[PDB]
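Throughout the sequence shown, residue numbering follows UniProt numbering, covering 182 to 449, 468 to 597, 617 to 622, 658 to 984, 998 to 1225 in sequence.
All residues carry an ideal CB built from backbone N, CA and C; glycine is no exception.
For reference, the structure is listed below as structure tokens.
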Amino acid sequence: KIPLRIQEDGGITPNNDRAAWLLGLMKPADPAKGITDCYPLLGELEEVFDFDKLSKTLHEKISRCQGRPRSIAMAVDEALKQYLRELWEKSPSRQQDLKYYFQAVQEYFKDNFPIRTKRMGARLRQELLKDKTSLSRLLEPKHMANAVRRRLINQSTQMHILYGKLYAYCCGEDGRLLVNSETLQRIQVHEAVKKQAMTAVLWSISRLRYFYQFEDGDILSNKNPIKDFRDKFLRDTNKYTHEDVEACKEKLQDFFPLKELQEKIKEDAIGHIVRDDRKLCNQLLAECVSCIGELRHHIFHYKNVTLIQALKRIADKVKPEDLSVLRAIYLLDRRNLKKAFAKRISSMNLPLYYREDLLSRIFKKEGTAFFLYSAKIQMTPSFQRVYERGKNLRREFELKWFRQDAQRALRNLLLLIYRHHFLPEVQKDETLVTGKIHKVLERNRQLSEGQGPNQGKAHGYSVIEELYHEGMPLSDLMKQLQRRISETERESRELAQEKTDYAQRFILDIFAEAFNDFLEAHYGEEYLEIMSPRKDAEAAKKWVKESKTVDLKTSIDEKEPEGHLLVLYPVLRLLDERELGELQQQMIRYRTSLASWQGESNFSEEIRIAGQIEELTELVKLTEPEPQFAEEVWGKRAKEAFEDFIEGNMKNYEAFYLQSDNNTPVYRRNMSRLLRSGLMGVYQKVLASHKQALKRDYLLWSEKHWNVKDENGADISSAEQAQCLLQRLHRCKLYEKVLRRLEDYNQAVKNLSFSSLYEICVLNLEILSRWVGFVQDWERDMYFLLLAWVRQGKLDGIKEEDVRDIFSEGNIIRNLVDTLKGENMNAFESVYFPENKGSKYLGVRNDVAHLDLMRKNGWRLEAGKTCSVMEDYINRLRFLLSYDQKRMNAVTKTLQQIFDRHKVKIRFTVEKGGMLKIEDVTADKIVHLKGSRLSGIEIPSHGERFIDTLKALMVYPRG
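Shown next, in the form of structure tokens:
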């Protein structure tokens, strides 16, 4: 049962004694009164509960355990139960509160002194029990009393948040969602999509700050100072010279297609605006502000329970009539779906490995069924996972497919058919996927019988066979498979991974079989040409000239863009590829969850609109502008962004930057991506004393001439021979230097080509995006916390309306301080951690939400501070998220996961007062020839320069 029940008169009543007890725990007291504790009942209980005698008795019991962690744990638990029992017996008047208090202390002692060590944390705690200092600290009467209080306080806060969400959704005006068991899941799904949508909005505002060259101010506000600045921006010739105009147009080009728009109008109402460079930039920026500004103050607030309803409301206010420039760009990019696929084909070396006749055989065949984006539902595997599983399934067999730059082109070719042609047909008919289920199931049963009886436990598809009969559609079984994943994950973290693996393992098998069969029925004879990759220089050149003939099929109307979809376009076009993917997956999860529901609203639009948004996301990704340069552009932003990272002068290193064009011409693809991210301003100040392009790396690349010889004594003079030599041994110390030389060669080429710097730039944006997500979780939690406090008369002088003004006006930190005064401010501050006080960690939300780390000014400290900038944010963020646990300690857990993804390791040390300091960032150790014969060769996954320059970013100011 849900611990709260929604009444007919608008109130909410606890559904259990524990719920009411946790609801009534908090009772604010003003500093004028003697009471300074917001939880006086806890004070009375800790006065009753003598922890000194507990500590003394437990120490005496442990003294006879001879230091054995298991014996110590048993002694503590028996003495615990004894002491709890006489405390219960001699205290009859307060038994109800004591019940929950012994529940809390038992939970604490079970967490710290685990009886059962089937989990890693329990084993680590038992190992820590060996240290005398650790046992002495854990036995402290006080420390052990404060932690018991904190566990009770955290439960009270979390139960109060549940009150806020139920009132905000199911009791606001007319009960938008009927109260039921499924209510909690529906609210979580609605909140998840909104926060991600809000997260994408904050990333777009950074670009507006970048374009206007304006900071420390709300660019989206309509007050007289800021509004006047934007209206006359880039208009006055006296203040904004033509060179200033050129710089702004260059930044906008990386995101919006401007040269294409100007060319189209010249070939052919709004021509006067576009023909002038000054007016085109001014008008386009203003329309983005109007769409983003109203989008910011619509996702939250209460007239729109769903994100879709918030989009319709903005569409009515912001019509396409004043969005004329946005409409023109939308129509151009939708119409330019011919070139978009043409450059996509060339980008993956497709025409430089295959002839035109075979390429036209697949794509252009009496009208193609290549759709831009299928309505593929959640859990459908991506191409990469199925391809890796396909070869592994072939590995044991070594079907007719999944056979083995040559392999890169084959993977790229098979990706295009999978995601553009195979999936839409799977959506139409499900017999391709559902019909192949039995073949996978029968194969695994034979595998199980091939093992010993002692190893045949936990058959992989045992549960799947129970769920599966003959007749359900793919989606229905897909819902069934997802149903088992969600239900089991709530039971145990250990079994969640072991049972999410068996579900996904079957998922990879079933899709591979259908993909193989589908290819036979459609191509048949072009098979042997597919895996016959032939290099051809002249083939690529003709495809570049003769292009823009391949066609795609979309459901988007070609004449009238819809009102709601047009609002999203400035937000989507101002995001990077990493952010676009994250938002797209949320709509897939949102739409899929909606389908399983049977709510009494008939929907019929949320499902339809969500599919439209996903298709629009794919269109934006394909039509990404690709301006090479305009001759002078090289002697511009591109030049004044990397000269400080290169030793000597650009006159040197001429051989490396003037190689064959291929896919990396005189302009580096990485060098263009670094500028687009907008972080080069930060790196010119932080990583200034780290030369990315050195002479030592250049000398090693050009003058190759290794002393190494082959197995026959012949010298190696090219990396191609060594790679063949390295792979030849793959299929003693002589090959020690062979792979070491290649690894040292790779580090030089990665440093010179700026591929090492781009790795950090992707790494840096992953850290920032996670911190923005933490802020969104905190902001929505405080909204529901204050909402419940206003109800049932817990806050004073704060009416219902004032809370909505704090979180829906701007500068939440400022309004929260002003509105909450005296008792309320003290009551609100009783949930966080005073670990190192500071009394200013609430101000880190502005630093994260506004993305101050993406600017030169944001990378600065104060006189008092000593820890580095990255170390500074972590401490405040941990304090900010200290209102509840898990999230507080997830700041460093996700940071380690992100570094793990890049094959790097980071370590943190606990200082005095709980402050965390970065000790070192060490590279991983990838092993080749593992286990086989000699001990596995250990080599770092990254070079010396990459680790050193990554270290400086993490500790910019100092240690």
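Query                                                                                                                   : Result
Which residues DSSP lists as bridging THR1188, in chain order                                                           : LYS1171
Where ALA975 falls: helix, strand or coil (DSSP)                                                                        : helix
Closest Cα partner of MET1091 within the set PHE764, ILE183, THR217, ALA201                                             : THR217
Those runs of the alpha helix (DSSP H) which lie wholly inside the segment 884–928 and span at least 4 residues         : 907–910
Residue span of the beta strand (DSSP E) that contains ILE1205, given as start and end                                  : 1203–1206
Beta-bridge partners of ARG186, as assigned by DSSP                                                                     : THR194
Residue range of the unbroken alpha helix (DSSP H) whose run includes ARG330                                            : 322–351
Under 8 Å between C-beta atoms of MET301 and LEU204                                                                     : no
Delimiting residues of the alpha helix (DSSP H) encompassing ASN1141                                                    : 1135–1146
Exposure of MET903, with buried meaning 16 or more beta-carbon neighbours within 10 Å                                   : exposed
Euclidean distance between Cα positions of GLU900 and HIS943                                                            : 10 Å
Start-to-end residues for the alpha helix (DSSP H) that takes in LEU730                                                 : 727–742
Where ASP762 falls: helix, strand or coil (DSSP)                                                                        : helix
Length of the line joining the Cα atoms of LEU847 and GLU811                                                            : 28 Å
Beta-ladder partner(s) of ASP968, from DSSP                                                                             : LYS962
Expected contact under 8 Å - CB spacing of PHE582 and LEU668 to nearest Å                                               : 5 Å
Whether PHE898 touches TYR951 by CB criterion (8 Å)                                                                     : no
Pair within 8 Å by beta-carbon distance, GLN680 and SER573                                                              : yes
Three-state class that DSSP yields for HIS943 in the structure shown                                                    : coil
Cβ pair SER272, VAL229 closer than 8 Å                                                                                  : yes
Contact belief for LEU833 with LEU825 at Cβ below 8 Å, rounded distance in angstroms                                    : 7 Å
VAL803 - DSSP class collapsed to helix/strand/coil                                                                      : coil
Pairwise C-alpha distance: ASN335 and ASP1150                                                                           : 6 Å
Reduced DSSP secondary structure (H/G/I, E/B, other) of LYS1183                                                         : strand
Buried versus exposed call for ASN1017 [16 or more other C-beta atoms within 10 Å across all chains shown]              : buried
Contact check, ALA541 vs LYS806, beta carbons under 8 Å                                                                 : no
Inter-residue spacing [alpha-carbon to alpha-carbon] between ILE866 and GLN508                                          : 14 Å
Reference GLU877; option with closest CA among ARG926, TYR936, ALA967, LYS1196                                          : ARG926
Inter-residue Cα distance where the pair is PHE290 and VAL1056                                                          : 35 Å
Residues of its chain near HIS240, where Cβ-Cβ distance is below 8 Å and the 5 sequence neighbours each way are ignored : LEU320
DSSP three-state assignment for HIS722, whether helix, strand or coil                                                   : coil
Candidates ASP963, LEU442, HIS497, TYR671, of which the one nearest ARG534 by Cα                                        : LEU442
Local Cβ density within 10 Å of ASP762, reported as buried at 16 or more and exposed below that                         : buried
Helix, strand or coil at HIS1116 [DSSP, three-state]                                                                    : coil
Cβ separation of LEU522 and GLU486, assumed to be a contact under 8 Å, to the nearest whole Å                           : 6 Å
Proximity to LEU1219 [Cα-Cα], best of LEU1029, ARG1173, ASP1062                                                         : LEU1029
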